[PDB]
Amino acid sequence: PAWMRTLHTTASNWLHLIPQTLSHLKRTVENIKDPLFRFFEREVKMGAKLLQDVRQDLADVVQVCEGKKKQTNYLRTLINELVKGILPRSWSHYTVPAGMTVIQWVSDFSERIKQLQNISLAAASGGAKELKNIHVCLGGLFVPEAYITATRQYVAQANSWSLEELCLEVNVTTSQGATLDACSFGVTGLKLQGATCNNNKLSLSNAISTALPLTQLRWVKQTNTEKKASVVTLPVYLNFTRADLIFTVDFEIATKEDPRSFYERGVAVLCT
Amino acid sequence: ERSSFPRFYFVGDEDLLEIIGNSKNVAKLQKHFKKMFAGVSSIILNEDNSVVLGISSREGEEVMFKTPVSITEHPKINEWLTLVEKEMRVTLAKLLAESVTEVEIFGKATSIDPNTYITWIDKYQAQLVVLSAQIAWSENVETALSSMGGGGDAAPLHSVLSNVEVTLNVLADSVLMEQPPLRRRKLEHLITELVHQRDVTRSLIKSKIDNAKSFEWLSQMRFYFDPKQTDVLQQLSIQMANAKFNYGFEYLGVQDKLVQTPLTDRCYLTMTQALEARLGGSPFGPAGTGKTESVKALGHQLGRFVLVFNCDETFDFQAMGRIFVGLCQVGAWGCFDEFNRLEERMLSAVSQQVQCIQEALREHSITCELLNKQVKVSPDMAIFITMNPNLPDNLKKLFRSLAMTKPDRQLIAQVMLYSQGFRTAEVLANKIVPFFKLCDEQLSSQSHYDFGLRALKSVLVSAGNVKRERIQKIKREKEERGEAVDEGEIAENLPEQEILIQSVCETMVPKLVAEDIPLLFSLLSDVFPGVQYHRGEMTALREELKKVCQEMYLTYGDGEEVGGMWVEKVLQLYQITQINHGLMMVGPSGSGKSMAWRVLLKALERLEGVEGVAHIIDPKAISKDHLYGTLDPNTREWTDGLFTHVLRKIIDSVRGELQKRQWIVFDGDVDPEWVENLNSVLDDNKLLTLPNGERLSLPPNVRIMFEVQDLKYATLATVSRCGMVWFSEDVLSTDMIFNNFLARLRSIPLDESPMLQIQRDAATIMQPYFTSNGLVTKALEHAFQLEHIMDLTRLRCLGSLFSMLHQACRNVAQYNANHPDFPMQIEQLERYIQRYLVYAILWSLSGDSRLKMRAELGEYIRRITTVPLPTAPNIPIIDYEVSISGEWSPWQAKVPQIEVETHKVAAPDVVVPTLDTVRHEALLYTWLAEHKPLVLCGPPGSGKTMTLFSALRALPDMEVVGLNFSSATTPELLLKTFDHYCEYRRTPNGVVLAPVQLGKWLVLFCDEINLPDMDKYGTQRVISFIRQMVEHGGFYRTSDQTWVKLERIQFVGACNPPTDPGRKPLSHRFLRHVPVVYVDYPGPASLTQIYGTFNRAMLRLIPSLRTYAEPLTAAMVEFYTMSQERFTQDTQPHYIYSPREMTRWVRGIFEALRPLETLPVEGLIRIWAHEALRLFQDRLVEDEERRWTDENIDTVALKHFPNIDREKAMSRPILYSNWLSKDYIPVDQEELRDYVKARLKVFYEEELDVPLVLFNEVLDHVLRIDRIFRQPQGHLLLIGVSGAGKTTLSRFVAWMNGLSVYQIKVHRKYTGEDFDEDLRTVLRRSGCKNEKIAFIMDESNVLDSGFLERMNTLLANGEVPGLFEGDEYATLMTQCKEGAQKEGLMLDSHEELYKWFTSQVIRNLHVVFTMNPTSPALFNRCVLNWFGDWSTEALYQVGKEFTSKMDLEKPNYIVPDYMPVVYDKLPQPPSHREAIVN
Amino acid sequence: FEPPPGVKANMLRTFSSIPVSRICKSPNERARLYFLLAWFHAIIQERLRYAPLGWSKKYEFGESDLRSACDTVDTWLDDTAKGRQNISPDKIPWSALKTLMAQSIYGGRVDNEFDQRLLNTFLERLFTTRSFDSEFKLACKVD
Ligand SMILES: Nc1ncnc2c1ncn2[C@@H]1O[C@H](COP(=O)(O)OP(=O)(O)OP(=O)(O)O)[C@@H](O)[C@H]1O
Ligand SMILES: Nc1ncnc2c1ncn2[C@@H]1O[C@H](COP(=O)(O)OP(=O)(O)OP(=O)(O)O)[C@@H](O)[C@H]1O
Ligand SMILES: Nc1ncnc2c1ncn2[C@@H]1O[C@H](COP(=O)(O)OP(=O)(O)O)[C@@H](O)[C@H]1O
Ligand SMILES: Nc1ncnc2c1ncn2[C@@H]1O[C@H](COP(=O)(O)OP(=O)(O)O)[C@@H](O)[C@H]1O
Ligand SMILES: [Mg+2]
């Protein structure tokens, strides 16, 4: 049948597109002590398992397409799901937008695996100290809130502080013109919608979304001071559907601006 | 009757009848008052039991009536019940009034005397002191806003808040010291409510509210009590926002206090506004957010019940409808849980019911139709439903919604830590809550892990208890050293982060897997930096653990020594026992959970002087209805269940079991089917709810533990509600098992001493091989690398090896007994023990794998051992044996050469001994001597059943009962077998099950031990049931719920590999006890021996051919070898072979050689070729395969019979028939064709007339069918496309040869029982009447696998014991007796007539299966016939024969230039008719 | 059959649904505050169309919520003004209505904290004693 050939073509295309393999992080006691290493090792393990599953999936589908394999029950529901163009249930292990089709999911998975490969290569080249200095897209990660928690743990353990007494400061600077403080972590890919941020100062704009160049998460000791009237708390959603709440940032609005207008207009920060 | 005093409507017809009949019996009315009233467990009366003096709670707190109600003055039940409730409400109101006066005296005071305050608290109930505090605070603040009503004035709210603060100070002072638990609960509730009051008052202070009518104050829940109001109902009104509620004033007793988080306050606001608008609320949200607790607290604050129904998948209606209508009449609230989990029909029905109830409630703003009855719904009714993400469409309008998305865990921890008396509660809470978030997120996900809010509450309560214990210890130390005692000073200098860390560790470390403990400590360092805890070792408990381990032959250690991990696990179990009432040891089978808790119980009994008793209940073996209790749907009598019975026995305290430490352990798998009733016990309330409506309080000394090997199918509700101890397999190291085995061998004898001395020498010999990294350890490690037909468990192999070493010691003792003059010396004993140990490792570690893996293990052990081994160049050690003289002797010597009789050729009884048979008999006797159940697993055929049956009949004192397990097998089969062959007897130890006949060891042989299907939760009831008796040595008689000890009963099983279709792998907990031996297909040598014996028996009829027995058998086994090798199962699902084919082959050769008095070797070759073609050629599909078989049979005959002529002995038309002559002789196909056309015409004349055309394929198939119908146990599997003529040919052969045809008339209603009945009728007509039966079967007739199992048993054994039981069995034996009398045989005893009936059935009945192209076992029991489809030749013959009447003769027709030649044998000139048919 | 989109159409639907007698009662400001409630409900329901932006999820802000809000309005206006023809805007229980329609009505279905914050912003912008002025701005910079 024609659909059989089309499925063969798309499976071969995706097999070509998706990277080959993912390398696990080498275990070490000093690395075990570091929390960032633990989080990134968990992410690498999950990503590698999912990548192996998807690759073996595509290989089995291609082999069925040649005709040397019989369609088992799992393969049959798999092929039905593929031809109907919806996301397979087994493939989707991390939180995903509801309406995203298979092709977009495969492209996103390829991007995530590329980021994970870069992260693993950087970790292997150096160690936890180099692992702290990696600019990581929150959308690319499977569990970004785990990354936020890992950064908090690293800051607390480095300076012998308690976790509960640390608060989050966000500094939005360009990638080139950024300073990597011991308590600062580079985060890329955050998109600001409904407003534009300049010199860490929010301004209301009619643009659909403004891309933040490089968001720096700085954990500082709780100053125990009331927040100023010109500060605004913005949600950070995982995707455009706004179904996942990763964390809340605090930004300083510009002069003459009204935070109530920021709340009404649905200004938010998106990982993707 | 129920219309008046609607409060008692809550109970059902059962309790209504009970209270009507026993109205004078007030002592039996306490169960009712438990059912309806709130805190009440019983009503206090005098010795006369005639006047209701007072009321009591289930905890022990009681109220005294100001004016007690005299039942004598009001004999009517309803009148005095109404008087009792009215007086209870009035007493609650008066007590509330005077308590409010007392607390007002307390209020507006600079300082409070702790003694007066504690006296006021002790005088009163927890609910009442909480209400008094609420009223006092509300009145004081109301007067205060009245004062500032002028505005811009001084603030007495500061004074009120300061008063609340000083009350908080004295409260935190009081709870630090030791208090009674009831006073502790009252103090905790007071602290929680006062903390909430302080918070809201500080909020009012910050908001600078100066008007009493300002909404910010109006939103807070206000209580307004009016002492002068005549009606006690109207005295206190609970107003909040615009809603006004009247107090329920029902005695709530003592219940857990819900902290007043902002989410809870918002819930109160929304729910009160909804109730004001006369429609309930629907607080949806995710799991573990306290929505149900919010409903409970809102109801309790208003003095009303809620009944939180549990809406699981298995949900009731009749009792559900009863509790609903009772609630509607009484007016007490009702709440739901997990509503969306209900079934769609269930959901719609409940939605309609609550829709009617809500519509009645709205119309009240009065009776409604409920269960075809009128129900008076009180105005104060409310109903709430909690969802997990929506409301049904008919309810979306009638019901307000609320988002219980998350609870405030930080404030919950702060308030509850302050309740325990902790100082610096804010810091501790803000540390602990994120720590539990990290544990939920960062730690590896596991089935048994749980870090919910309930776990946090348990941790904080345990922390409070540990702080109290530390304070008490410091106080005792200060009493001993010095005299200065002051609670405040010891409280001040007491570390608290250390105490919290100690509680957190004690609670969570036991449930952590091996690799998570460092992660937990890293998390603790991250959250609690620089502060650490040190585990306080239990010195006395460690000493007594050592003593009990010594007594029980268990190895014991401390820290890093052998057994240190196990000892630490036992101590962790002890701590979990201390801090929890519900435990759960989770770990793979073989980690020592059972022995861990048993040793802990024994050590505790020897420590505290409190004797411990343990009840082991297997939930899966017993039905849930019997497990919890049976409520008769019609007679309405309640029969208490097993768990219910043991709980009631504990409660009654007949023999001081309350003083005892009693542990109920649920040894067996867990699923969300029965544990849903236990969820009400594992929680804080701890009560045994019963369908009858009875409630049983859980005693403090009762502990519930579920020794579950895994938690995959367990719901998170159960996991969150009980403590967890993780028992990894690393806990029980192999050296520990070795030491336990050696200690038990050295201490206890096998018989129940010379044999004890023999055991000691044997252990001394094998000690070098059992050490760490010894021979056995390395052999086991390598054996784990191999592949086994069943999943490999370390403890299974170790137990089998230990049992077989026990048999080695028994053999040594027997040798010493049989040679009294020369007992075996030390050197010979050492040689024998070493050789037996090597052989035992060989046959135990790889006793359940193929021969190649056995050879791999043999070569490995030969490489790694120093024990002497046989020097055979290629023969493996396994085929050798260890003689009593300590020498390696081949098993071949033990194999004899018997000669079976002629009339017994290939009879079911005969079992020709061989290498496989003799080795399996030896191992079977070995594992039977220790009475260890064993399973014989192997491919279809292979003689697993005959080997087992012959070995069992060999020993005289062991009787055999065969049990054919089906796909629908249930333990009731085993109970029925026990009833038939055993009986219950009362003994001083207890009730004992033993066989009726004395001095016999009954074996319940299970033919298919893995056939029964597992439930939806992956558990087989029969398997767990058999395991329960295998391990505990008994079970519970469900008739009276009594432990029954098994005596002289043991189990033996057989099965096929689990990879085969329809086979479910056995549980590891069951496999651990049962050694498994793999009965592969007998080797070419074994087949040669057995069928050479069969041939030598067969050929004695004709003496001139006796010399050709050996070459005939050799040719047979060789051809069968290539047949098996070539026609593999991968080509077709039915391409299987076994020795059963050879048995059929020899049986057919016998049956066709018996009529012929003399016969030259050419005829024997011809008959051998005919049977080979009928067995290994017709089952094929492709013509190339058939040509291959013909060529190979030609080559085999030429090779093994060279001095013969191929034309005569192997003429191509090998067609044998009994139709023409009297004997079964070859005949030319032309006479066959003519005679069978004549018989077809007679078939038209007599039976149904449909035109049948005769093509050569029908000739061959009719010949095959006739040949099989002639043979005994002739069962045909007609495999072919529909309409080919399978059924018609079968009927034609049956009619021709005289067998009466029989077909099933199956319809959509045709259940199993009809099939068993029809099989019964067929069996009677074939065995009891000596009348042959042709059983036509088609796969369309098969409706379930059970039919296939019954037919398979019928094909294999010749009959099935299942059909004929009791009266039917007696009727069958009457028929068989009369039939034997008619035939001429006199038989009396049951067994002889049954055997004669079985012989008649196997000789007479012929069942033919027709399927359209599948258990391989079914294929092996029939001779598979390939009908296929009509070929081109066949279709052409049908066409010509049918269209011969029409005249298609056209001389004008001229042959084409090219003629289509689809017909293979078309004549060279097509005429018109052949062209048309083509 | 689906409702016509638009704030205007929603407002006419709301006003036609509510009976004549209920809106014109003893307090003449009841009609004004009912108009404010109708405008708030229309704004919320039309914001529901732009679900990713106007809200976080498609809540069920149906007519039952409007009926409950109107009932709360009537009860509180009865309680504050005991049969009085004219009532000052300051004496109007604004805080009661704001909290009731932020937590119980229109807020019970709100699970996201940010949607609750937006609802509070809308209520505090609309329901205030400053509204009873002729210069009140129901919206700012519409075009
Ligand atoms: N402390 C110990 N030292 C040595 N051997 C032990 C010890 N505890 C138990 N054993 C042995 O190891 C095995 C453990 O059996 P046990 O029934 O306790 O384990 P289990 O994992 O709880 O089993 P199951 O899940 O089948 O009930 C037994 O053979 C027992 O004799
Ligand atoms: N020792 C033996 N004595 C007699 N027959 C034997 C022996 N060993 C194997 N056979 C032959 O092997 C075949 C299989 O024997 P049996 O019917 O007992 O198998 P089974 O274990 O019941 O098979 P299944 O897997 O179907 O349960 C029979 O035809 C039998 O003649
Ligand atoms: N405000 C509160 N005060 C005290 N305990 C609470 C409170 N809220 C929740 N809990 C506790 O947290 C857990 C959550 O309640 P539960 O009924 O299991 O939630 P859900 O119904 O959402 O599954 C329970 O153990 C409950 O007692
Ligand atoms: N040898 C034959 N010649 C002509 N017709 C036949 C022959 N065998 C079967 N039939 C036809 O097949 C029909 C019965 O088919 P049946 O044997 O029940 O199918 P199946 O082979 O699936 O059991 C009869 O009506 C008969 O006409
Ligand atoms: Mg069998």
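Definitions and limits used
- Residues numbered from 1 in each chain as written, not as in the entry; some residues may be left out.
- Chains lettered and ligands numbered in written order.
- Part of a larger assembly, values for the part shown.
- Heavy atoms only, no water.
- Helix = DSSP H or I, 4+ residues; strand = E, 2+ residues; numbered from the N terminus.
- Rg over C-alpha atoms; globule rule 2.2 N^0.38 Å.
- Areas by Shrake-Rupley, 256 points an atom, 1.4 Å probe, with all protein chains shown as cover.
- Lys, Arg positive; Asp, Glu negative; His and termini not counted.
- Charge placed at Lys NZ, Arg CZ, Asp CG, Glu CD.
- Buried < 20%, exposed > 50% of the residue type's maximum accessible area, 1.4 Å probe, protein only.
- Contact = heavy atoms within 4.5 Å.
- Buried area = accessible area lost by both parts, 1.4 Å probe.
- Salt bridge = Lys/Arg side-chain N within 4 Å of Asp/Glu carboxyl O.
- 1 Å grid on protein atoms, 1.4 Å probe; cavity = no way out; pocket = protein on both sides within 12 Å on 5 of 7 lines; lining within 4 Å.
- Points joined across faces, edges and corners; volume = space filled by probe spheres on them.
- Nonpolar A, V, L, I, M, F, W, Y, C, P; charged D, E, K, R; others polar.
- Polar contact = N/O pair within 3.5 Å; in protein donor to acceptor, adjacent residues only side chain to side chain.
- Core = buried A, V, L, I, M, F, W, Y, C linked by side-chain atoms within 4.5 Å.
- Near = heavy atom within 4 Å.
- Expected span 1.5 Å × (residues − 1).
- Pairing = 2+ DSSP bridges.
- Axes fitted to C-alpha atoms, helices over the stretch in contact; angles between N-to-C directions.
- Patch = residues over 30% accessible without salt bridge, like charges linked within 9 Å, V, L, I, M, F, W, Y side chains within 5 Å.
- Parallel < 35°, antiparallel > 145°, perpendicular 65-115°, else oblique.
- Left-handed = near helix turned anticlockwise from the far one by under 90°.

As stated in the entry header, the method of structure determination is cryo-EM and the reported resolution is 3.48 Å.

For chain C, the name recorded in the PDB entry is Cytoplasmic dynein 1 heavy chain 1, with Homo sapiens as its organism. According to the record, the entry carries the title "State-5b of motor domain from full-length human dynein-1 in 5 mM ATP".

By the naming in the PDB entry, chain A is Cytoplasmic dynein 1 heavy chain 1, taken from Homo sapiens.

Let us now look at the overall build of chain C. Across its full length, chain C carries 7 helices and 0 strands. The N-to-C order of helical and strand elements in chain C reads α-α-α-α-α-α-α. Against the 2.2 N^0.38 benchmark of 15 Å for 143 residues, chain C shows a C-alpha radius of gyration of 15 Å, consistent with a compact globule. Counting only C-alpha atoms and orienting by the principal axes, one finds that chain C spans roughly 45 × 35 × 30 Å. For chain C, the exposed area adds up to about 7200 Å²; of that, 55% sits on carbon and sulfur atoms. With 21 positive and 18 negative side-chain charges, chain C shows a separation of 3 Å between the mean positions of the two kinds.

Time to look at the overall build of chain A. Assigned secondary structure in chain A consists of 8 helices and 11 strands. With the principal axes as the frame, chain A shows a C-alpha extent of 70 × 50 × 30 Å. Each of the 272 residues in chain A was classed as buried or not, and the buried ones make up 50%. Considering only contacts in chain A between residues 6 or more positions apart, those separated by 24 or more positions represent 69%. Between the centroid of the 30 positive side chains of chain A and the centroid of its 24 negative side chains there is a distance of 6 Å.

Tallying the contact residues gives 16 residues for chain B and 20 residues for chain C. Between chain B and chain C, a total of about 1500 Å² is buried, with carbon and sulfur atoms accounting for 57% of that surface. Linking chain B with chain C are 1 salt bridge, by the criterion used here. The salt bridge involving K406(B) is made with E113(C); its shortest N-O contact spans 3.8 Å.

On to empty space enclosed by the protein, then. All names here are of chain B. Taken as a whole, the largest cavity spans an internal volume of roughly 230 Å³. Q127, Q255, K257, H300 and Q301 are, among the 17 residues lining the largest cavity, the residues nearest its centre. For the lining of the largest cavity, the elements supplying multiple residues, two or more each, are α5 (126–148) and α11 (291–301). Ranked by residue count, the leading element in the lining of the largest cavity is α5, at 5 residues. Across the lining of the largest cavity, the residue classes break down as 8 nonpolar, 7 polar and 2 charged. For the second largest cavity, the lining is made up of 15 residues, of which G107, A136, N163, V164 and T167 are closest to its centre. For the lining of the second largest cavity, the secondary structure elements donating two or more residues are α3 (77–106), α5, α6 (157–176) and α7 (181–207). Split into classes, the residues belonging to the lining of the second largest cavity amount to 10 nonpolar, 5 polar and no charged.

By convention, interface size is frequently given as the accessible area that disappears when the constituent parts associate. The interface is formed by 14 residues belonging to chain A together with 12 residues belonging to chain C. Summing both partners gives a buried area of about 1200 Å² for chain A against chain C, and 53% of it is carried by carbon and sulfur. At the surface where chain A touches chain C, the tally comes to 1 salt bridge. For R125(C), the salt bridge identified is with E264(A), shortest N-O distance 2.9 Å. Counting every contact that joins chain A to chain C gives 4 residue pairs in polar contact. Contributing elements (two or more residues each) for the side of chain A that touches chain C: β9 (231–237), β10 (245–252) and α8 (259–264) of chain A. For the side of chain A that touches chain C, the element with the highest residue contribution is β9(A), accounting for 4 residues. By residue class, the composition of the side of chain A that touches chain C is 6 nonpolar, 4 polar and 4 charged.

Moving on to the nonpolar core. One finds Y147(A), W80(B), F435(B), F643(B) and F40(C) to be the most contacted residues of the largest nonpolar core, which totals 369 residues. The contact partners of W80(B), leaving out residues within four places of it in the chain, are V26(B), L29(B), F33(B), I43(B), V52(B), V69(B), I71(B) and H74(B). Formed by 108 residues, the second largest nonpolar core is a distinct cluster that contains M585(B), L742(B), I861(B) and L952(B).

Moving on, we get to the site of ligand 4. Residues and elements named next belong to chain B. Around ligand 4, 14 residues are found, and the nearest of them are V1253, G1283, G1285, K1286 and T1287. At a separation of 2.7 Å, an oxygen atom of ligand 4 approaches a polar backbone atom of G1283. In this structure, an oxygen atom belonging to ligand 4 sits 3.2 Å away from a side-chain N or O atom of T1288. Protein chains bury 74% of the 560 Å² of accessible surface belonging to ligand 4 in isolation. Top element by residues in the shell around ligand 4 is helix α47 (residues 1286–1297). It accounts for 3 residues. Taken together, the residues of the shell around ligand 4 sort by class into 8 nonpolar, 5 polar and 1 charged.

Our focus in this paragraph is helix α7 (residues 113–126) of chain C. Counting along an α-helix, one turn takes 3.6 residues, and residues three or four places apart therefore face a common direction. Residues and elements named next belong to chain C. Taking 1.5 Å per residue as the helical rise, α7 with its 14 residues ought to reach 20 Å, and the 20 Å between its terminal C-alpha atoms agrees with that figure. Buried residues of α7: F114, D115, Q116, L118, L119, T121, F122, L123, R125 and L126, and no others. Put simply, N112 is the residue that caps the front of α7, since its side-chain oxygen is 2.7 Å from the backbone nitrogen of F114.

Residues and elements named next belong to chain B. One open sheet accounts for 5 strands, arranged β27-β30-β33-β26-β34; its pairing is parallel. Across the chains shown, the open sheet's two edge strands, defined by having one partner strand only, are β27 (960–963) and β34 (1076–1078). In this sheet, neighbouring strand axes are inclined to one another by 20° on average, regardless of whether the strands run parallel or antiparallel. By the bridge criterion, 5 bridges tie strand β30 (residues 1002–1006) to strand β33 (residues 1049–1055) in an arrangement that is parallel. Residue pairing for β33: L1002 is matched across the bridge by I1049. Packed onto the sheet, helix α36 (residues 971–981) meets β27, β30 and β33 and runs at close to 150° relative to β27.

Let's shift gears to a positive patch on the surface. Taken together, the side chains of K213(B), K82(C), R84(C) and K91(C) make up a positively charged region of the molecular surface. Mapped onto the fold, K91(C) is located in the loop between α5 (63–80) and α6 (94–104).

With that settled, the discussion passes to the packing of helix α16 (residues 453–480) of chain B against helix α18 (residues 497–508) of chain B. All names here are of chain B. It is the contact of α16 with α18, at a shortest axis distance of 9 Å, that shows an interaxial angle of 125°. Viewed along their axes, α16 and α18 adopt a mutual orientation that is oblique. Seen from above, α16 lies across α18 with right-handed handedness. Residues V459, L460, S462, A463, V466, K467 and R470 of α16 form the contact with α18, whose participating residues are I499, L500, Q502, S503, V504 and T507. Residue composition of the contact of α16 with α18, by class: 7 nonpolar, 4 polar and 2 charged.

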